[PDB]
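Working notes, structure below.
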Amino acid sequence: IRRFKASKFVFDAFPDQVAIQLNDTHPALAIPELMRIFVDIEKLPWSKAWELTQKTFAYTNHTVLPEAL
Amino acid sequence: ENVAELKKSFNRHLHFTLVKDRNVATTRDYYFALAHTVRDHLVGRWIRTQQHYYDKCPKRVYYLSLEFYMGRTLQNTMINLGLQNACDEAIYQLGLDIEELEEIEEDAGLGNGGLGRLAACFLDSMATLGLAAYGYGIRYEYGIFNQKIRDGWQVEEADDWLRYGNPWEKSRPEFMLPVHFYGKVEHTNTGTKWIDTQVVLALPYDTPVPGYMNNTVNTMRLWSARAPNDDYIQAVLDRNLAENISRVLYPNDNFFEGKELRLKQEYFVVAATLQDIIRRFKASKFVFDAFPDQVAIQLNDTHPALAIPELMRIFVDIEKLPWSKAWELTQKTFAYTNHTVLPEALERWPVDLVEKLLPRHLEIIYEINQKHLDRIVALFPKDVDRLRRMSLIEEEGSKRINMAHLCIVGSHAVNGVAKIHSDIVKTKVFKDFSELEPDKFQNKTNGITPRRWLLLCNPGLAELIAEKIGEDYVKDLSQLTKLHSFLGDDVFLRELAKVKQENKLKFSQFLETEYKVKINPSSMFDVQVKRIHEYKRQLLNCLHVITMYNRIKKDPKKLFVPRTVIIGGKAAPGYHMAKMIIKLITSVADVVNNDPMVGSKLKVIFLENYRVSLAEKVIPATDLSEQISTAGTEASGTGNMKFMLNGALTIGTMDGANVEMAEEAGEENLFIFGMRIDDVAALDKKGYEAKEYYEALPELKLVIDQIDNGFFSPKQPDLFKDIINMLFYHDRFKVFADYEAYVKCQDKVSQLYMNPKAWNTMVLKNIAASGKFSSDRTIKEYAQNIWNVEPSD
Amino acid sequence: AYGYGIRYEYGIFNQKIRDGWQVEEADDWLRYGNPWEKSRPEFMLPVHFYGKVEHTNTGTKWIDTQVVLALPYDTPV
Amino acid sequence: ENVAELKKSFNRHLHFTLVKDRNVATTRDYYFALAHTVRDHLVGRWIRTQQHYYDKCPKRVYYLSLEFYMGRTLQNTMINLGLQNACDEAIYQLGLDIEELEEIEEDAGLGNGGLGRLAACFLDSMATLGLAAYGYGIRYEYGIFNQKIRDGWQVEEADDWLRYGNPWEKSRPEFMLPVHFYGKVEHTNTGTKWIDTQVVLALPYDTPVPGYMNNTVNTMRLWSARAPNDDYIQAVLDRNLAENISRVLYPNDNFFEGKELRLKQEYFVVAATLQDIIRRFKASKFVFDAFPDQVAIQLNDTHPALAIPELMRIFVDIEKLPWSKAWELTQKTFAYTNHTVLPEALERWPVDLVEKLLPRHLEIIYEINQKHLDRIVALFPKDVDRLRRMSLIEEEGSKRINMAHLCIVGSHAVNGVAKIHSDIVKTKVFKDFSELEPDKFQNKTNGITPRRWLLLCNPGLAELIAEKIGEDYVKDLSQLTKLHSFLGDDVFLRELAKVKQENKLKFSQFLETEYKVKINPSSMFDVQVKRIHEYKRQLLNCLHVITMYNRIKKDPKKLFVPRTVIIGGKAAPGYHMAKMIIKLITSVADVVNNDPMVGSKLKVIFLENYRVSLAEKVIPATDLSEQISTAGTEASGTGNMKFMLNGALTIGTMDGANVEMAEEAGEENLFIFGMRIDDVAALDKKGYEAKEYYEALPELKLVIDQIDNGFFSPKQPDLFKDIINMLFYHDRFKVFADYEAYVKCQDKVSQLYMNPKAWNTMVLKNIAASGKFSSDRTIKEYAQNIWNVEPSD
Ligand SMILES: O=C(N[C@@H](Cc1ccccc1)C(=O)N1CC(C(=O)O)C1)c1cc2cc(Cl)ccc2[nH]1
Ligand SMILES: O=C(N[C@@H](Cc1ccccc1)C(=O)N1CC(C(=O)O)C1)c1cc2cc(Cl)ccc2[nH]1
Ligand SMILES: O=C(N[C@@H](Cc1ccccc1)C(=O)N1CC(C(=O)O)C1)c1cc2cc(Cl)ccc2[nH]1
Ligand SMILES: *Cc1c(COP(=O)(O)O)cnc(C)c1O
Ligand SMILES: *Cc1c(COP(=O)(O)O)cnc(C)c1O
Ligand SMILES: CC(=O)N[C@@H]1O[C@H](CO)[C@@H](O)[C@H](O)[C@H]1O
Ligand SMILES: CC(=O)N[C@@H]1O[C@H](CO)[C@@H](O)[C@H](O)[C@H]1O
Ligand SMILES: O=c1[nH]c(=O)c2[nH]c(=O)[nH]c2[nH]1
Ligand SMILES: O=c1[nH]c(=O)c2[nH]c(=O)[nH]c2[nH]1
């Protein structure tokens, strides 16, 4: 986010400048953390924030083993 | 209050309230639809807040002022209600631009400058602190005139601010009140009667004052004059005469014009206010002995001085209280704020005018004075000249009333608005009164609201700060000192400088589209915006500008830090020197901006129609804040505080609050220069001979000769004759006396500017020390040491 | 593209076999220094843990948290 | 090493070493680029110097200490390599400010005070004298805590000095060594074995110690603890436990805390050092009979006392030498320096702790003691109490080891650090040992390096002196006596006073930007900086300050020489009285600095985070040096020497080296006052009753009552109760006993200060007599009378 703000780029264009790949579910907390930042800090409305969040993140599933979940 | 619902409310208002669809709606229609959409969010809490004051009856504060320099309301409201981001989204989804809709709104320019803006910041701080406070003023049909520049001169255009409607005001018919003028007095055996008077009705209009994120919404009650209903045509037309009382704001800043109409406005606002206050007290679920414990009235300068004898009139003539008791409750009710020490600004109404217009008030004033002098004659039997000095009456020829003296004896507290100022008020100007009553005189350093002057005008900065230290600073600005932790944080300094840069680009766009000039976005934005005054000296600034131009003309290739020098402000209509100085600046700018040799090195702009909404644009884009009044002339200043809070460095004198800014941030972190108060005094005694400096300083001589010989006005070589004459023979603000130190200081500023890291480090030290200057702290001190009221957090 | 992860002081353990069984040893890979990483001190950030939620009229805030700084190290790819 | 080439190297490092360009580089990046640019200049001579020691095998000196209070390295290195002026030019041409880059560097605060700073000065003098000397210590991850003042109290913050990297240190992997703890002992037929121990690795880090202008660069080797590599997660985390051994410096100055972790650090540094020393000896192109002729190990106090039984362990258990021979070579190898005589500072480790942690060392210590007492029983058959007094073991209840006794019998020389101190050590504290061995006890008066404490910290002075008498004084400070020739040289006295003035302005700028206070640049800078101790008495000083404030409050117009009183220093974290005294001083300063009546007459500052780099700033700006310990308590002192060398006059007691300063400069040229050693003794016998002075001295009573009644702590009237209680009933440093003489002395100081010519003449007499106090002279005496080593000039 700091790098986005410093760029020559609101946040509307955030997903057009940023793509974050979630390698397995280990960094899953990144979804609610981005929301927390957008909402609690940046004061964006939930709807707007959630839309941006989905466009930013992509999730890669690496396993179906129950003990790995 | 979510995005989907705001769009729906917006569409609903556009339809039912503006009678439009998306095809025929105008931009004004959209602004109004949004204004109403936002306004509906205030209602619930406005009713609850005023209802809660009645039930719990906390002591109320009444801020009585002839001025409330409010600026625009839409954005401020969205921010304090936490609605801005959602509204921004809604409007965007509707395919509109909220910032464009915002520009449709007229400023409620019901003030001249600092005095009026202080009142406005105070209402915001009081609602944010949760105090049961009310602002009482006049609903002028025309505010401070709109300023146009024609052929380099200021031209005034009427500010018809209500032409299209004010969604932010609410008519309160049920509270209309009659105000009396002229007539005669009768001292009957049933009390004294003020009869055969002319009557003018006062219709009150309430505007909500939302606190910052706290459910509190207070009230600003502004009175409008209306002719009462008991050649026919002429008789109906003449109803205009009574209605002229609230027609227009007197456009004088720090200057007393003793016009009868002004006196009428003063009693109008005072009579309506006090009667409304007493009415509410009497309806409160509270004899009058408890009045002072339920009511505090702050006099914003001496303009509402008549409130003192009006309260006594009400208590004695109406409520039938004995003089002694009335007097006691009166002093305990009023507190007075002195905002100036310039001779020409002192309110001294001729006795004959007051006798004709307000006969009962003159009588009461004479009584007040009599009981006043009798006590002095007692304590100081011999000192006859002391009685002359402390009298509410000046008998020297044309007998007049000294309103400040009346405010002093009728109030339990008197305060100045900056330490140095309050000191001079207590120990010099009013020595005889403070020696007699030590504890009466206080200081209450001015402040500015960090909502309007930070959150609103510079969101990029408010956001950057919040990311580093949280949002607590909004409601407790002293929290900005934590910023000190980042003085060696390189990345933060870069982020800080980026915010200033973006503000500069945004405003450079405003300049280029509003004026011819091409702006060097990287040049230093050197700014001086405030009312035009000889004491504020934009003239000194103009000398520095001409000086820089000549340096360029001589050494075109010398390494020069490029500047965009901006100077703006309104001159009172009848203030000749002020109007001449404006013409000088525009003339200078025309030469500078069009000389091929300087080009992008130096651009000069006379910012037109300086007002609250324009201050919000230029202040955040400023690098260097000009606060150069002659030591002893600016009681406090507040524009100086706005620039400090927004990342500009200050070049100024040790005057007003500039002194406390230096104390908080460290003197080395401000570009202080010139004569201090003692130097001015000493130079006075010796006698000030302007010629010396002129002869003694070569760069100054060239400047002076150029202005004098027509260099800056070829077609009228002697155009600036009056300026030259005043400068050499009648300058009581010692312009030439600070020229040298001022120019030397300016060079040091340019030096530092070449060092971005050093420059931004000092900026950070200023921002981090600006906390004292929040009006929330000023109001806390007023609540605690004068009004004796408590918040609700 | 950028890779973002954690700079563990100890990576996956070094495995040894004792009496036929696996035995683990700490992979102290930074002991002698890593010329391939570049500390980026100016980008250190605070990270919050624990604490509580406060639902205010100013907007829900996470307060009384424990803080841990995050110092980034860039390795070229 | 010329300007053009330094800029190129700087740019090269910024690029390849810091991966930056001028646009994105931070100030820290610039500091690092310069540090590396300078560092490269050391390499060639560091390799040659260490190579030359191996080829020529001169006897080596090993200075073993748990402390090395080094301060910053950049400037010191530039100066000793003659690179400063060129680097200053280079950086300036690059558009940077070298002094700003210098401030980025963290102090290597690996010490508490004098003991640690003495070691640091010694390394500089030894490299400058060209001796084959090595400093051996611990590479603490955290040095002496950073001190913050919050609400007037000291708060400690971790000194994470390595966070951003230390370019001045070099990892030496190939010399890692294992250190053993715990375990058990086995006396087998192949020698005794220390088995089943816990192992912690010691990784050595070398820092270069450049001599002043001589091509010599010695080494400071500091050991860092690392867990060896043969719930998994917890097992990996637990590696922290071994690594905690070198985690942090124990923050006690002159106080013994018998914590097991401290004992671990002590054996850690001793085991790694001696094994490294023996390894080098065995690889030298030298049987062990020649060991003592090739190695000298100086024990900096008793902290590394375990080195004695460790060397014996190595010789006996490892090298298989017979006890008798091992013992002989051991005594000839070690020399011990006693740095204190305060009871609470004595190291007395409980036998049980040593048995558990170092079983083999306990055994060896018992043997040492046995052979020790058997010899005494022989020479003195009857004296049973003599054996009790000279035993290495204290059996009185909780049995513990007297480390000083172990250092005395295991060393061939024992020295104190000031004549008066060494006398007391020899004739009182260790009488039984010196009577038994006269020639073993010596004196070696402390000294300070004139590079860091003159050339570096006060270039203006070093330059002024050099212009008068040349530069030879740098390497032979006794050359300063030539300055005597200028005692009647008026122009020189003016030049001397100008240097002090400039230092004062420079530091006044530091004060104003760091603290609120406005500094009177012309006032007398009265300074007391050193660790906070009851025996050092900044409390007495505080009484004098309050005294001066009261005098001002009474006679506001009396001619008073204005002063800026500065008191700073860290208090050990668990030292309650020390922390209370700090709070007292800050409380006093807040009243004084904000009382309108005193104003610019008196300002008080509690200098925060006093450390080496800050001593370099304040010392050169000092007029009056406070060295007021109670006679008999300060073994020597060295801060006293720094002030003398830098142009301050001294007000102190006849204690430690203050006595020799008086001898060198003439007693009349120092403001000596109070009880001398004999007076303290006499007052002891009689019994000290604090009340007498309190009742007997009116100015003291007012001071005391004020502190006691809350005058200096309104909101907590009883806050200073403990201070008051200690003062009347438990003050073993007789504060009230010297109050009178102290205040009388202070007045004489102010008297002289009014006489600029008389004042500067005495200053010159102090500077001219400061030559004895160079650590180069101290090291010459150590080399000649103890280590038996020779230089290389
Ligand atoms: O005045 C109406 N809406 C209002 C809406 C409004 C109210 C307050 C401020 C701005 C706009 C209106 O357009 N104005 C009040 C202003 C004035 O007093 O000049 C301008 C309105 C809506 C409507 C709808 C029907 Cl069907 C008939 C008459 C109507 N008047
Ligand atoms: O640490 C130096 N060079 C570095 C070189 C290096 C850097 C990165 C990885 C491996 C090696 C060094 O030896 N190490 C960093 C590693 C660690 O963090 O432990 C080991 C160095 C060079 C030098 C030269 C002088 Cl004159 C004085 C001190 C010095 N230190
Ligand atoms: O660590 C590098 N330079 C070093 C340079 C340095 C060395 C010693 C002290 C201070 C600075 C560095 O920046 N630091 C070592 C410190 C630490 O251990 O935290 C910080 C470095 C340069 C470089 C260049 C490339 Cl292309 C890739 C990786 C790199 N690392
Ligand atoms: C704040 C403000 C002022 C007062 O500014 P000074 O520089 O203190 O005189 C005047 N006019 C406007 C529009 C302002 O916002
Ligand atoms: C020299 C020095 C000391 C020792 O000073 P004394 O006044 O002799 O106790 C302590 N701390 C620092 C930082 C020093 O430089
Ligand atoms: C009469 C009048 O308008 N006085 C003005 O009041 C404001 C608010 O106190 C001051 O900041 C300013 O210096 C002063 O000129
Ligand atoms: C235990 C200890 O730190 N002793 C200190 O050692 C230094 C260096 O010898 C002396 O100058 C000082 O007076 C003394 O207090
Ligand atoms: O009409 C005036 N208005 C002013 O504000 C002013 N100030 C001043 O000096 N003269 C005048 N005149
Ligand atoms: O924890 C302490 N450290 C000290 O340095 C000291 N000195 C002292 O007298 N008591 C204490 N306590």
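If you're wondering about the labels, chains in the structure tokens are A, B, ... by order shown, residues count from 1 in each chain, ligands from 1 in order shown.
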
**Report entry** Expected selection as a PyMOL selection string for ligand 5 within 8 Å, only C-alpha atoms and all ligand atoms
**Finding:** chain D and resi 69+71+112-115+117-118+528-531+536+569+610-616+627+634+636-642

Requested in this report: Provide as a ChimeraX atom specification the residues of chain C at most 8 Å from chain A, counting only C-alpha atoms.
Outcome: /C:59-61

Please, could you write that set of residues out with C-alpha atoms as a PDB file, in the first residue's frame?
ATOM      1  CA  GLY C  59     -14.808   4.074  13.775  1.00  0.00           C
ATOM      2  CA  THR C  60     -13.881   0.665  15.210  1.00  0.00           C
ATOM      3  CA  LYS C  61     -10.259   0.603  16.420  1.00  0.00           C
TER       4      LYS C  61
END

Report task. Show me which residues sit within 6 Å of ligand 9 when counting only C-alpha atoms and all ligand atoms, and put them as a PyMOL selection string. Result -> chain D and resi 252-253+255+572-575

Requested in this report: Determine which residues of chain B sit within 8 Å of chain A, taking into account only C-alpha atoms, and present them as a PyMOL selection string.
Outcome: chain B and resi 2-3+85-86+89+463+467+495+498

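Pocket residues of ligand 3, taken as those with any atom at most 8 Å away using only C-alpha atoms and all ligand atoms, are residues 33, 34, 35, 36, 37, 38, 39, 40, 41, 74, 75 and 76 of chain C; 16, 17, 18, 19, 29, 32, 33, 36, 162, 163, 164, 165, 166, 167 and 168 of chain D.
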
Specify as a compact mmCIF listing (two decimals) with C-alpha atoms, in the first residue's frame all residues of chain D found within 8 Å of chain B, counting only C-alpha atoms.
# COMPACT_ATOMS: atom_id res chain seq x y z
CA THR D 26 19.21 7.85 2.95
CA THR D 27 21.39 9.72 5.45
CA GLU D 512 17.90 24.71 22.80
CA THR D 513 17.02 22.28 20.03
CA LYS D 516 12.70 23.81 25.90

**Report entry** Distance-based interface of chain D with chain C, 8 Å, counting only C-alpha atoms, as a PyMOL selection string
**Finding:** chain D and resi 26+164+171+173+229-230+236

Residues from the last selection, N, CA, C and O atoms, saved as a JSON list (two decimals), in the first residue's frame:
[["chain", "number", "residue", "atom", "x", "y", "z"],
["D", 26, "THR", "N", 19.61, 7.24, 1.68],
["D", 26, "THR", "CA", 19.21, 7.85, 2.95],
["D", 26, "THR", "C", 20.46, 8.42, 3.62],
["D", 26, "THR", "O", 21.59, 8.17, 3.15],
["D", 164, "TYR", "N", 21.43, -1.83, 12.60],
["D", 164, "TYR", "CA", 21.68, -1.50, 11.20],
["D", 164, "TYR", "C", 23.02, -1.93, 10.64],
["D", 164, "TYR", "O", 23.30, -1.66, 9.48],
["D", 171, "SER", "N", 33.99, -10.22, 11.53],
["D", 171, "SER", "CA", 33.77, -11.57, 12.01],
["D", 171, "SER", "C", 35.05, -12.38, 11.72],
["D", 171, "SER", "O", 35.65, -12.23, 10.66],
["D", 173, "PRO", "N", 35.50, -16.07, 11.76],
["D", 173, "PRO", "CA", 35.00, -17.45, 11.86],
["D", 173, "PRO", "C", 36.08, -18.47, 12.20],
["D", 173, "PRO", "O", 35.93, -19.28, 13.11],
["D", 229, "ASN", "N", 26.08, -26.60, 17.13],
["D", 229, "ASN", "CA", 25.26, -27.44, 16.25],
["D", 229, "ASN", "C", 25.62, -28.91, 16.48],
["D", 229, "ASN", "O", 26.46, -29.46, 15.75],
["D", 230, "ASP", "N", 24.99, -29.54, 17.47],
["D", 230, "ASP", "CA", 25.25, -30.95, 17.83],
["D", 230, "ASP", "C", 26.75, -31.23, 17.88],
["D", 230, "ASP", "O", 27.39, -31.44, 16.84],
["D", 236, "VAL", "N", 14.97, -25.36, 18.98],
["D", 236, "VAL", "CA", 15.64, -24.34, 18.18],
["D", 236, "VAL", "C", 15.54, -22.97, 18.89],
["D", 236, "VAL", "O", 16.52, -22.23, 18.94]]

Could you pull the residues within 12 Å of residue 609 of chain D, counting only C-alpha atoms, minus those fewer than 5 positions along the same chain, as a PDB file with C-alpha atoms, in the first residue's frame?
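Output below, filename around20.pdb:
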ATOM      1  CA  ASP D 107      28.016   4.639  20.163  1.00  0.00           C
ATOM      2  CA  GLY D 109      28.502   1.771  24.493  1.00  0.00           C
ATOM      3  CA  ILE D 144      24.538   0.471  28.287  1.00  0.00           C
ATOM      4  CA  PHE D 145      20.837   1.270  27.952  1.00  0.00           C
ATOM      5  CA  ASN D 146      19.665   4.406  26.212  1.00  0.00           C
ATOM      6  CA  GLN D 147      18.311   6.770  28.875  1.00  0.00           C
ATOM      7  CA  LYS D 148      15.038   8.662  28.376  1.00  0.00           C
ATOM      8  CA  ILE D 149      13.453  11.040  30.869  1.00  0.00           C
ATOM      9  CA  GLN D 154      14.788   7.954  34.100  1.00  0.00           C
ATOM     10  CA  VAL D 155      13.363   5.301  31.791  1.00  0.00           C
ATOM     11  CA  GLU D 156      15.559   2.674  30.126  1.00  0.00           C
ATOM     12  CA  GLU D 157      15.393   1.721  26.465  1.00  0.00           C
ATOM     13  CA  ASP D 159      20.533   0.036  23.133  1.00  0.00           C
ATOM     14  CA  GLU D 514      16.957  19.329  22.440  1.00  0.00           C
ATOM     15  CA  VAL D 529      28.333  14.659  34.082  1.00  0.00           C
ATOM     16  CA  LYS D 530      29.147  11.113  35.219  1.00  0.00           C
ATOM     17  CA  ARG D 531      27.148   8.120  36.429  1.00  0.00           C
ATOM     18  CA  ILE D 532      24.605   9.006  39.126  1.00  0.00           C
ATOM     19  CA  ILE D 567      23.895  17.706  35.428  1.00  0.00           C
ATOM     20  CA  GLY D 568      23.691  14.412  33.578  1.00  0.00           C
ATOM     21  CA  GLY D 569      24.406  10.723  33.885  1.00  0.00           C
ATOM     22  CA  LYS D 570      22.756   7.320  33.960  1.00  0.00           C
ATOM     23  CA  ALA D 571      21.571   5.594  37.110  1.00  0.00           C
ATOM     24  CA  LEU D 614      27.732  13.407  24.235  1.00  0.00           C
ATOM     25  CA  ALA D 615      30.739  13.881  26.577  1.00  0.00           C
TER      26      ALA D 615
END

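Those residues that approach residue 249 of chain B to within 7 Å, counting only C-alpha atoms, are residues 110, 140, 142, 143, 144 and 251 of chain B; same-chain residues fewer than 2 positions away are not listed.
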
Query raised in the report: Tell me, which residues of chain A carry DSSP helix (DSSP H, G or I), written as a ChimeraX atom specification?
Result: /A:2-6,14-17,30-41,46-56,66-68
